[PDB]
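For this one, two forms of the same chain are given in structure tokens, first as structure 1 and then as structure 2.
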Structure 1
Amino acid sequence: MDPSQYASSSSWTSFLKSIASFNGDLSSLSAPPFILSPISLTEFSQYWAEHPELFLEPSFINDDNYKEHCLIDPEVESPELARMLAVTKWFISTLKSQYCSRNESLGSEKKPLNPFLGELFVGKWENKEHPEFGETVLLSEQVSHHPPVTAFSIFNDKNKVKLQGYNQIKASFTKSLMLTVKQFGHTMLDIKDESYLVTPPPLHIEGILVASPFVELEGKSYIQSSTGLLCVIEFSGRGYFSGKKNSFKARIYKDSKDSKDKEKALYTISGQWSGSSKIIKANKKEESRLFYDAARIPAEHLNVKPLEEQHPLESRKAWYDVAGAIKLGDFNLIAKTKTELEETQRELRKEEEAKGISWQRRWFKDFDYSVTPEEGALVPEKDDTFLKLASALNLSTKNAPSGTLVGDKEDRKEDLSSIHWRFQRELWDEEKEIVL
């Protein structure tokens, strides 16, 4: 049907009613075909680097050229600061990809496919027009199905720029039908020997009543560097304090201590992450410059091998029949194809449970950061990057919502685990079946 008839359709009304009794698992909602997306959540990991040049820019900044790599401030105080500005710009550039991609390609936000345990998604940005960039690889794996957890790593060996992280969400509906989403997990970006810890922000999906869902960010995201520098990004929008759609304000501080006082901000960036934003140095509100304009820089999609060459575990290959059914909008075919794949998975889980066998993750392992870790789990190294950056930020290392600080209510939750998924490069190095 036409989108204009979605909201009043029998299908949408039945969907809204299933919300009333939402059991906590999104996969239980009777989402009609027209609100379904043929894309699996394992693919969302690619949204961390759809602007190859911004992802790599920090690695080209050094003690001998940093002032030449800071468009908004040729008088930037240091290379460390120039790089934090670049990482901040890169982070902001990921937002449109992360949260607007479906509105553009599908017409609105839609329900993504719930990945099966073990699902893989791999590809690469060849960066053919920039030989100095080199190839950038994306590895994404569904390390958990119950609950859904996606782990990933994006790396550029030529320039020593590597990223790794994992993501999980916990969602619930408000009485007004707003879908509240708390993200869990974090992402670390290493630029040569310099590291950055990034925490995703909470968000909500509105437009549910009118059958035209869309994402709006809220809360805060942090970018803590080993240099001590810290960027605090606050999100707002319509219905909130600023009243300006997809807005944000980011402040960069010398360190987490300074972040307690907005007056100490070295730079203040403000605008819309899905559009343009300006930056101001210190208190010089007079002199402001364009920081980023999402509309001027097209996203660059990674190269994914053709379906015919994909391994059974690769997302698109495995979901092929279901994606096709969704594109056709065939009620029965969608249910049939989805059940076939999911029932097969269900049977695998039952065999494993009765046989005493467990699914082995391919390129990621779950490290236990608790003071009293599970006896068989891998544990972090004394010089662990996350530990030192979390300590500098005073960020909780528990499985609390992303961005939770030590002491917050979420960090004081009793018997809360501290398990984090980590990329194991050697596992990809000795990978014998999957190729790019």
Structure 2
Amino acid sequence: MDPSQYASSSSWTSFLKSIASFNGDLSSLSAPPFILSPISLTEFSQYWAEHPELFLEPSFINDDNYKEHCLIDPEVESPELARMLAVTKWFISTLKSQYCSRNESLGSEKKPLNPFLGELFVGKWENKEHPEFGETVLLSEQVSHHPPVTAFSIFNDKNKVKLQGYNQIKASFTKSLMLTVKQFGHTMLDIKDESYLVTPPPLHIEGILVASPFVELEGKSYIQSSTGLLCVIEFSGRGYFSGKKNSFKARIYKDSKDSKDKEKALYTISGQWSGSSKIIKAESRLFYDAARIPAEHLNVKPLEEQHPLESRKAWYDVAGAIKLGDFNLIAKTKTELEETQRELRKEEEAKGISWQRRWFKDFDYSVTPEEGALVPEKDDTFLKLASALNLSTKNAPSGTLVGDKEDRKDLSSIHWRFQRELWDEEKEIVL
């Protein structure tokens, strides 16, 4: 059918009614084929680094050049501040990838494949047009299925730029079928010895009633640096109706203390994360223009060469059935994929290959670990940056501060950490 028929179709109305009895498990939503995406959530990890030059720019900023790596302020006060600006522009540059790519490729946000446990998605940006970049590697692993959790690392050994993080959600519908989504997890970015802690924002999915879903961001994201500098980014959907969307204001502070007072911002950035934004130092200059720089997608090896744990190969028949809009064959291929994976895990275990906690481990940060649980080393980055920001260290929604209501709920404190050795010693998977 034409998208203009979607909203009043029997399938759509049937799906909307089924939401009334929503069990809280999104996996269950029996979404019609036309609103299904053939991309797994393990691929979404790639959206952290689709502008290789912006990902890597902080590593090129040093005591001896920083005033030459700060396009909107050649008079920036410090290399630390220049780097905070660049990491902020990078983080803004991810949002269009993360929150808009299905709209442009499929014509609307669609319901992604729920990843199997142990599912892997790997690739690299080889950065051939820029020798000084080197290859940047993405590893993405499905570390939990009940509930779904994706962990990931993106690293550039040449420039000592490395990213790790993990993600999970909780969602519920309101009466008009808006879907409120709270993200959980965080991502850490190290630029040589300097670190940055990033928290993803809450969001809501609009347009379900009309069968044309889309994301809009709300609340706040933070970027807290080991330098003490902090960026607080606030999202809003003001001006819908006037055709405005995807707005934000980001303010960078000397430290989290100054951040409790807006008038102390060293810079204020505002605009649209999916279009353009300006910056004003404590008149204005263009900070980022998402239309001027296309996304660059990572290199993924051919399907014929992929290991059967790899997302695209693994989801291949299911994807083909979705593309064909065949309810029958989608139900069949899915049941087949479950049998494949069940048998594959058996073989992995038979060869003594660990498939479960493949490249990431769950660390317990609660002051009551289970006897031999994995626990963080003493100068752990996460603890020190969470403390500078007064971030709760528990499994609260991303961005929860100490003493917020959500920080008060006997909540756990388990966080996923990448183990590089595990990739170096990886038994099967290559790029």
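Note that the rigid core is defined as the largest set of C-alphas that superpose within 1.5 Å between two forms. Structure 1 provides the reference sequence; residues are numbered from 1 along it.
Put simply, after the core is superposed between the two structures, 343 is the one residue in 129, 330, 77, 343 with a Cα shift of at least 2 angstroms.
Superposition on the rigid core between the two structures places the CA atom of residue 243 2 Å or more away from its counterpart. Core-superposed comparison between the two structures: the Cα of residue 357 travels 2 Å or more. For residue 28, the Cα deviation between the two structures after core superposition amounts to 1.1 Å.
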